[PDB]
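See below for the structure under consideration.
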Amino acid sequence: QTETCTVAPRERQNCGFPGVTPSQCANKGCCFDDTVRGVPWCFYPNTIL
């Protein structure tokens, strides 16, 4: 792996859309988390090393 879903919520950039599902987020190669408010559910991953 070269990408990680460990992103600070205030740094998460929107990768999806209103009502995006994990499957639609996985199709785009992005990360999903709806347990944090005020941030996009589907966001881009962070680069490692």
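Convention: chains lettered A, B, ... in structure tokens order; per-chain residue numbering from 1; ligands numbered from 1 as shown.
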Mind checking DSSP for chain A and telling me the helix (DSSP H, G or I) residues as a ChimeraX atom specification? /A:9-11,22-27
Which polymer residues have any atom within 12 Å of an atom of residue 49 of chain A, counting only C-alpha atoms, with same-chain residues fewer than 5 positions away left out, as a PyMOL selection string? chain A and resi 1-4
Store the residues picked out above in a file with C-alpha atoms, as a compact mmCIF listing (two decimals), in the first residue's frame.
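Listing of part_17.txt after writing:
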# COMPACT_ATOMS: atom_id res chain seq x y z
CA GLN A 1 0.00 0.00 0.00
CA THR A 2 0.96 3.61 -0.69
CA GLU A 3 -2.33 5.13 0.46
CA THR A 4 -3.92 5.25 3.90
Mind checking DSSP for chain A and telling me the strand (DSSP E or B) residues as a VMD selection string? chain A and resid 3 to 4 14 31 to 32 42 to 43 46 to 47
Output N, CA, C and O atoms for every residue in that selection, as a short mmCIF file (atom, residue, chain, number, x, y, z; two decimals), in the first residue's frame.
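Output contents, as saved in selection.cif:
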data_model
loop_
_atom_site.label_atom_id
_atom_site.label_comp_id
_atom_site.auth_asym_id
_atom_site.auth_seq_id
_atom_site.Cartn_x
_atom_site.Cartn_y
_atom_site.Cartn_z
N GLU A 3 -1.26 4.26 0.01
CA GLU A 3 -2.33 5.13 0.46
C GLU A 3 -2.90 4.63 1.78
O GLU A 3 -2.94 3.43 2.04
N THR A 4 -3.33 5.58 2.61
CA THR A 4 -3.92 5.25 3.90
C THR A 4 -5.17 6.09 4.12
O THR A 4 -5.23 7.25 3.70
N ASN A 14 -13.45 16.14 -0.15
CA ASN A 14 -14.61 15.40 -0.63
C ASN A 14 -14.28 14.61 -1.89
O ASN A 14 -13.84 15.18 -2.90
N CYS A 31 -11.90 6.67 0.67
CA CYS A 31 -12.14 6.21 2.02
C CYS A 31 -13.49 6.70 2.52
O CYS A 31 -13.93 7.80 2.19
N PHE A 32 -14.14 5.87 3.34
CA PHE A 32 -15.49 6.14 3.81
C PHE A 32 -15.52 6.20 5.33
O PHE A 32 -14.96 5.33 6.01
N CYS A 42 -17.16 10.35 1.96
CA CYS A 42 -16.19 9.75 1.06
C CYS A 42 -15.09 10.78 0.79
O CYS A 42 -15.35 11.82 0.19
N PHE A 43 -13.87 10.46 1.21
CA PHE A 43 -12.75 11.38 1.10
C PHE A 43 -11.53 10.68 0.53
O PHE A 43 -11.42 9.45 0.55
N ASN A 46 -4.60 9.51 2.25
CA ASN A 46 -3.31 10.15 2.45
C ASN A 46 -2.20 9.28 1.88
O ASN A 46 -2.29 8.05 1.85
N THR A 47 -1.14 9.94 1.41
CA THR A 47 0.03 9.23 0.91
C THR A 47 0.95 8.86 2.07
O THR A 47 1.05 9.58 3.07
#
Mind checking which residues fall within 12 Å of residue 41 of chain A, counting only C-alpha atoms, ignoring those fewer than 6 positions away in the same chain, and posting them as a list in words?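 Contacts, with the query itself left out: residues 5, 9, 12, 13, 14, 15, 16, 17, 18, 19, 20, 21, 22, 23, 24, 25, 26, 30, 31, 32, 33, 34 and 35 of chain A.
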Take the residues from that selection and write them out as a compact mmCIF listing (two decimals), in the first residue's frame, keeping N, CA, C and O atoms.
# COMPACT_ATOMS: atom_id res chain seq x y z
N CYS A 5 -6.17 5.50 4.76
CA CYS A 5 -7.40 6.20 5.10
C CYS A 5 -7.28 7.00 6.39
O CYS A 5 -8.28 7.57 6.84
N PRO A 9 -9.89 14.69 10.17
CA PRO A 9 -11.19 15.10 9.62
C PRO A 9 -11.20 16.48 8.99
O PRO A 9 -11.87 16.68 7.97
N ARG A 12 -9.88 16.17 5.35
CA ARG A 12 -10.49 15.24 4.41
C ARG A 12 -11.16 16.00 3.27
O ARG A 12 -12.05 16.82 3.50
N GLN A 13 -10.71 15.74 2.04
CA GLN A 13 -11.25 16.38 0.85
C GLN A 13 -12.34 15.50 0.25
O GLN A 13 -12.19 14.28 0.14
N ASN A 14 -13.45 16.14 -0.15
CA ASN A 14 -14.61 15.40 -0.63
C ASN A 14 -14.28 14.61 -1.89
O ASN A 14 -13.84 15.18 -2.90
N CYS A 15 -14.49 13.30 -1.83
CA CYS A 15 -14.36 12.42 -2.99
C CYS A 15 -15.70 11.95 -3.53
O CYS A 15 -15.76 11.52 -4.69
N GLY A 16 -16.77 12.06 -2.75
CA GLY A 16 -18.07 11.58 -3.18
C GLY A 16 -19.13 12.65 -3.40
O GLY A 16 -18.87 13.66 -4.06
N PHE A 17 -20.32 12.43 -2.85
CA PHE A 17 -21.48 13.26 -3.12
C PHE A 17 -22.50 13.02 -2.01
O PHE A 17 -22.32 12.10 -1.19
N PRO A 18 -23.56 13.83 -1.94
CA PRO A 18 -24.59 13.59 -0.91
C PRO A 18 -25.18 12.19 -1.00
O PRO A 18 -25.69 11.78 -2.05
N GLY A 19 -25.10 11.45 0.10
CA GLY A 19 -25.65 10.11 0.15
C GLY A 19 -24.78 9.04 -0.45
O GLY A 19 -25.29 7.98 -0.83
N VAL A 20 -23.47 9.27 -0.55
CA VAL A 20 -22.58 8.29 -1.16
C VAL A 20 -22.50 7.05 -0.27
O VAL A 20 -22.53 7.14 0.96
N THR A 21 -22.42 5.89 -0.91
CA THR A 21 -22.31 4.60 -0.23
C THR A 21 -20.85 4.16 -0.18
O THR A 21 -20.02 4.66 -0.94
N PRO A 22 -20.51 3.23 0.71
CA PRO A 22 -19.15 2.68 0.70
C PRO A 22 -18.76 2.04 -0.62
O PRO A 22 -17.60 2.11 -1.02
N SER A 23 -19.72 1.40 -1.31
CA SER A 23 -19.40 0.78 -2.59
C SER A 23 -19.07 1.83 -3.64
O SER A 23 -18.10 1.66 -4.40
N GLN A 24 -19.85 2.91 -3.71
CA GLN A 24 -19.52 4.01 -4.61
C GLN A 24 -18.20 4.67 -4.23
O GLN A 24 -17.48 5.17 -5.11
N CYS A 25 -17.87 4.68 -2.94
CA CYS A 25 -16.60 5.24 -2.51
C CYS A 25 -15.44 4.30 -2.82
O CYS A 25 -14.34 4.75 -3.16
N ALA A 26 -15.68 2.99 -2.71
CA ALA A 26 -14.65 2.02 -3.06
C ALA A 26 -14.38 2.00 -4.56
O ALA A 26 -13.24 1.79 -4.98
N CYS A 30 -11.46 5.53 -2.77
CA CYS A 30 -11.44 6.51 -1.70
C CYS A 30 -11.82 5.86 -0.38
O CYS A 30 -12.05 4.64 -0.30
N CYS A 31 -11.90 6.67 0.67
CA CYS A 31 -12.14 6.21 2.02
C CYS A 31 -13.49 6.70 2.52
O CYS A 31 -13.93 7.80 2.19
N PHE A 32 -14.14 5.87 3.34
CA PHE A 32 -15.49 6.14 3.81
C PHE A 32 -15.52 6.20 5.33
O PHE A 32 -14.96 5.33 6.01
N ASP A 33 -16.18 7.23 5.86
CA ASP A 33 -16.39 7.36 7.30
C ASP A 33 -17.52 8.36 7.52
O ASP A 33 -17.36 9.55 7.22
N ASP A 34 -18.66 7.88 8.02
CA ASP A 34 -19.79 8.74 8.33
C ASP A 34 -20.01 8.90 9.83
O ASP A 34 -21.05 9.43 10.25
N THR A 35 -19.07 8.45 10.65
CA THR A 35 -19.16 8.57 12.10
C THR A 35 -18.64 9.90 12.62
O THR A 35 -18.74 10.16 13.83
